[PDB]
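Single chain ahead, by itself, as structure tokens, in the form solved without the partner chain.
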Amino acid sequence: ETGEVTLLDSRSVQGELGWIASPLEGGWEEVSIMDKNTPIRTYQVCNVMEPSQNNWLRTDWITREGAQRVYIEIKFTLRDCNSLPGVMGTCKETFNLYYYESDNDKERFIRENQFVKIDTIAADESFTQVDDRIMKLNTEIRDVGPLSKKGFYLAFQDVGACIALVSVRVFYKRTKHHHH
């Protein structure tokens, strides 16, 4: 049979995510927000008043198993620069998604120049209204392939937006068609 095989689902992760922010403080930060009223983990950054933002957040190593095409589903909120005072010239309404293939599942320092851009990510047609506040929760999906090393790291680069990442899910598609 067919379907999506999940390699990483950030919302299901039990314990620490193990993700690495660069800079360590003042850029991407883990923030728990209280939806029901159950606490849910997000990674947030909002330096929309500041120039020269280059805030990186990378996952830990993700195995590709036997798959060569991988899909990255991101659920996120993103504020309208128009709705924020005093951000003229510095606020952005996109962020960037990157990847880096590696046989090594415990990379320490990874250079910016090892990462390859998948796409610019923006709020678009797919969203739900949910959640205190009502959050506009966007869903964007990109894919990459063919991957050929044991696994890979994903990274999210913020260049001056007001963004909360609520979910990152990485998966591939099976194609075991039925015989008849």
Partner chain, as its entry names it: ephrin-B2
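Whichever C-alpha set is largest while still superposing within 1.5 Å between the two forms counts as the rigid core. Residue numbers count along the first chain shown, from 1.
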* **Between residue 119 and residue 120 - deposited residues without coordinates, as a size class** => none
* **Gap size between residue 36 and residue 35, counted in deposited residues that the entry leaves unmodelled** => 1 to 3
* Asked: Once you work out the mean C-alpha B-factor for both 105 to 113 and 76 to 84 from the entry, which is higher?
  -> 105 to 113
* Asked: So which stretch wins on mean C-alpha B-factor, 136 to 144 or 39 to 47?
  -> 39 to 47
* Asked: Hey, out of 68, 54, 59, 126, whose CA B-factor is highest in the deposited coordinates?
  -> 126
* Structure fact -> Chain thirds by Cα B factor, record data; residue 167 belongs to the lowest
* **Assigned third (lowest, middle, highest) for the C-alpha B factor of residue 10** => middle
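This next part talks about the form deposited with the partner chain bound, which is not shown.
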* Partner-proximal stretch of 56 to 64, 40 to 48, 113 to 121, 140 to 148 relative to the partner chain in the bound PDB entry, 4.5 angstroms, heavy atom -> 40 to 48
* So which of 102, 90, 77, 96 gets a non-hydrogen atom within 4.5 Å of the partner chain in the bound PDB entry? -> 77
* To do: Although the partner chain is absent from this view, report whether residue 52 comes within 4.5 Å of it in the bound PDB entry, heavy atoms only.
  => no
* **Contact flag, residue 162 vs the partner chain in the bound PDB entry, heavy atom cut 4.5 Å** => yes
* Asked: Do residue 127 and the partner chain share at least one heavy atom pair within 4.5 Å in the bound PDB entry?
  -> yes
* Partner contact for residue 166 in the bound PDB entry: the partner chain, 4.5 angstroms, heavy atom -> yes
* Structure fact -> Near the partner chain in the bound PDB entry, with a heavy atom at 4.5 Å or closer, the residues from 122 to 138 are 127, 129, 130, 131, 133, 134, 135, 136, 137
* Asked: Which one of 68, 63, 126, 120 is the only residue whose C-alpha moves by 2 Å or more between the shown form and the other one, after superposing on the core?
  -> 126
* CA-CA separation of residue 126 and residue 70, closer or farther in the bound PDB entry than in the form shown [shift of 3 angstroms or more] -> farther
* in the bound PDB entry, shift in Cα separation for residue 94 relative to residue 126, 3 Å or more -> closer
